[PDB]
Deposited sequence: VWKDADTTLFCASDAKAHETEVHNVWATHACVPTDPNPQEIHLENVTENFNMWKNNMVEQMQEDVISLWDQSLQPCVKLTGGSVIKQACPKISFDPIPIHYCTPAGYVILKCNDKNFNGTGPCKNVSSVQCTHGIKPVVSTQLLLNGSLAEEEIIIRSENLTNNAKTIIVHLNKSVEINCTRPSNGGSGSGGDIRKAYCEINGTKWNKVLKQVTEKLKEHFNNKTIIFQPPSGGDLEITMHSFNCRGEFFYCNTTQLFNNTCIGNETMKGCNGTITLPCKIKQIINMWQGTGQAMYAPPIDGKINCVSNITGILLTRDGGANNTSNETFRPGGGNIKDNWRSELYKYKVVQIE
């Protein structure tokens, strides 16, 4: 017999003790080795209610990635709350590794295995595990990168779709590669992302069809963000330690619903921190071909309000709350206490 509970979790990873890469270093000192033969009990005839939007596992992972970044990614200048902090800002090795989240004795993680589970409500196919699947702490906006893919069909997630101030998490069932490079050899910050056109448009079209199911068959319209900070208006992400801000106008513009889509990007040194502290300045880009190929496995959308009297619903790429990134991977899990 069990009950929903919150407890302090621990982590497991396959980090290398000899890696200088910051994720390996953190996990080496903060996590344990993974279980090579994980046990999983499938619970017959059990219905459990889940709520991805109010899950303490999310808060706890956020606390980790903040801790990791504080120890690993110190900027030259911190601009937090009036005070200014000047530190050394050496170039580090950066590549996220899978992190597992686990329950101590007396507790178990319940895992929803329903095919098209949207993250909230009753789950019919529930199993018990000690650890989650390995989750990379990939920080980004607009597009979710290198995440897990939806099993059956594309899934739309929201705490309350009727509320437009609530972020929408689109979960893809097929990866679309995004090829981002800062070439080696006029502008050392100029960079670009390359996406297969037909692949992306086909997927976006599938996303639109899925959105119609949730919005009474109204016509779905994509638009670029209207305002806000660059971290929101642009697909921001970190590649090899470098902060990339990419223009995604070509992605979200219902013209093609063929060829390679080349998004203009720039590596920024001065960043509004996702931690919510303030602003931070980092060192200029390293030399050489800075390249990161990632799977787009999800989209963060924000819906335009004031459309109730029209047939259109307008969706713009969003983000900013990195907890949403962890929700997209932690939705099928909740912690219960065993009695």
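Where C-alpha coordinates are absent, the deposited sequence of this PDB chain has the segments 186-191, 264-271.
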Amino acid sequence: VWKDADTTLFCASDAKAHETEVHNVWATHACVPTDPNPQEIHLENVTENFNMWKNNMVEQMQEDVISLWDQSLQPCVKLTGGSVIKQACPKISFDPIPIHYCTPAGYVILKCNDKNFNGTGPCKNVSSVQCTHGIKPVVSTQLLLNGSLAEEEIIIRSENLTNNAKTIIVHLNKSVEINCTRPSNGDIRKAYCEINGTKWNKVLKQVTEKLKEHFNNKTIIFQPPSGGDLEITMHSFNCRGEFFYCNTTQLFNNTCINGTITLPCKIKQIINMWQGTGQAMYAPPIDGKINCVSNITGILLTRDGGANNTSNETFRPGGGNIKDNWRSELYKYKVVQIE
From here on, numbers count along this sequence of modelled residues.
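Comparing the deposited coordinates for 166-174 and 70-78, the stretch with the larger average C-alpha B-factor is 70-78. The stretch with the higher mean CA B factor, choosing between 237-245 and 111-119, is 111-119.
If you compare the C-alpha temperature factors of 272, 55, 291, 314 in the entry, 272 comes out highest. When the C-alpha B-factors of 95, 209, 151, 159 are read from the PDB record, the largest value belongs to 151.
Ranked within its chain, residue 221 lands in the middle third, by CA B factor from the PDB record. In the deposited entry, the Cα temperature factor of residue 138 sits in the bottom third of values across the chain's modelled residues. For residue 146, the recorded CA temperature factor ranks within the lowest third of the chain's modelled residues.
In this PDB entry, residue 132 carries a Cα temperature factor that places it within the lowest third of its chain's modelled residues. In the PDB entry, residue 232 places in the highest third of its chain by CA B-factor.
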